[PDB]
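Just one chain is shown here, as structure tokens, and it is the form deposited in one PDB entry.
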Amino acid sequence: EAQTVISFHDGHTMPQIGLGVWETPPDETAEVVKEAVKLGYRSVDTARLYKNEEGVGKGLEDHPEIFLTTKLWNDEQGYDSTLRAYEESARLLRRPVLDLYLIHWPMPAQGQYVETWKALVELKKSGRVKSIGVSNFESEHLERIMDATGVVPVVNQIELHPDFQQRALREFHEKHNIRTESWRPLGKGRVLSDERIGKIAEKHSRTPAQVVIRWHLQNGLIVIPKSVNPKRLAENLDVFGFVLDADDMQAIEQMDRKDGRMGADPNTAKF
């Protein structure tokens, strides 16, 4: 049973499951990363927001194979300011050339996300980063940066889980060959005790989390769950030895709620 990967339109390839090092203190981040690389994680995802890029970079010291993503935080948006921020991140992460760089939030009220994207375009062209994408962009924000540059992000990383399945945004993503990456894949844990999920989990001799991760996978989605517990890390990774059937997939499809969003709305988010 091999892990799966997802390929971008730009010809690059990313592991389909990664580690979201979001809630890890800077101090024990190196150690969490070394542990997950040991368990078999091939993709690590962080952000300037979490302030632990130095820890990630140390933890991946002798592991340049691990796919590495980081994001530009809101207050560093702007053309020159993104180019600096990217460089700084590259140094903190001890990787001269990053595998993926994302705009963390569009923040439409700032007026800066198009110029930020043009900085990312330039980072791709100059060869400073392999792939460029976005996080938390609505179709409209995507339309805008595509119209301004002619350059499509390879990935849009968005809140996505059984309660909020983001179908219309994924329809839009499809048309432009944009991969979907789910953050909040487990819905802050709400799903871990769902009966509908629980029955599917019994049927497959797997756990609720594993059923849910598999569901992301079978939908073609890049999935970065987070976990402190290396017991849950090993669990989350052990998802390539079963298959959800058509009944399973439809039953989860049916969980989608209009008020399923748990985190910030891209259009009204204010930090």
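Residues carry their position along the shown sequence, with the first being 1.
Heads up, the form solved in complex with a small molecule isn't pictured, but that's what we're talking about next.
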Check your understanding: Would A30 show up as a contact with the small molecule in the deposited bound form if we use heavy atoms at 4.5 Å?
Key -> no
Check your understanding: Is the gap between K188 and the small molecule in the deposited bound form 4.5 Å or less for some heavy atom pair?
Key -> yes
Point to revise | 4.5 Å heavy atom contact, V121 and the small molecule in the deposited bound form | key: no
Practice item. Spell out, yes or no, whether the shortest heavy atom distance between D45 and the small molecule in the deposited bound form is within 4.5 Å. Key: yes
Point to revise | All of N136, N229 and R232 with a heavy atom within 4.5 Å of the small molecule in the deposited bound form | key: yes
Check your understanding: Which of 51-59, 242-250, 220-228, 198-206 has heavy atoms within 4.5 Å of the small molecule in the deposited bound form?
Key -> 220-228
Practice item. Name the single residue among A148, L192, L83, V152 that comes within 4.5 Å of the small molecule in the deposited bound form, judging by heavy atoms. Key: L192
**Study point:** in the deposited bound form, the one of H141, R184, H173, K130 near the small molecule [non-hydrogen atom within 4.5 angstroms]
**Key:** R184
